[PDB]
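Quick note on this note's numbering: the sequence shown kicks off at 568 and runs consecutively.
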Amino acid sequence: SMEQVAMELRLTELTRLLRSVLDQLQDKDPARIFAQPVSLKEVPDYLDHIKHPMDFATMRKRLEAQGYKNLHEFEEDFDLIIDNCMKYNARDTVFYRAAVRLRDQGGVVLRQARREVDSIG
């Protein structure tokens with residue numbers, strides 16, 4: 568149907584916008600702390616602590632398969648990155664502090680993404 572195509576175009580355009588958002592957020596992580604999944608070879612107990620691991624590479628895979636239907640889903644995954652790190656790591660660590668800085672900087676980006684998603688439809 569043409570209605571199905573139109574819905575597919577909207578998903579494609581959301582994907583474009585989420586790719587730009589993802590780039591901007593990942594620039595706020597210049598140490599690349601959140602770039603890849605926590606390795607279970609290097610942190611063998613991780614999944615005893617963190618039930619839903621997340622990282623920027625994993626989000627990029629989901630994005631490129633057009634797997635985010637709305638901004639809320641994307642933000643959920645971004646918040647997992649931050650929130651998982653702030654639980655596993657203590658306050659005095661470079662990991663925790665990186666997460667705080669990513670959250671604070673990323674909020675600015677997400678605030679305008681939400682306006683754009685709503686505005687363009």
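Every residue gets a Cβ at the ideal spot worked out from N, C-alpha and C, and that includes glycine.
Assign residue i to one of three DSSP states: helix, strand, or coil.
| i | result |
| --- | --- |
| residue 613 | helix |
| residue 673 | helix |
| residue 601 | coil |
Skipping 5 residues on each side, what residues in its chain have a beta carbon closer than 6 angstroms to that of residue i?
| i | result |
| --- | --- |
| residue 623 | 593, 601 and 602 |
| residue 670 | 649 |
| residue 666 | 649, 652 and 653 |
Taking residue i as the reference, which of the options has the closest Cα?
| i | options | result |
| --- | --- | --- |
| residue 672 | 629, 656, 649 and 633 | 649 |
| residue 588 | 687, 645 and 653 | 645 |
| residue 610 | 683, 656, 627 and 647 | 656 |
I need the boundaries of the alpha helix (DSSP H) containing residue i, first residue and last residue.
| i | result |
| --- | --- |
| residue 651 | 638-655 |
| residue 624 | 623-631 |
Just to confirm my understanding: we take residue i, look at its own chain, exclude 5 residues before and 5 after, and list those with CB closer than 8 angstroms. What are they?
| i | result |
| --- | --- |
| residue 579 | 633 |
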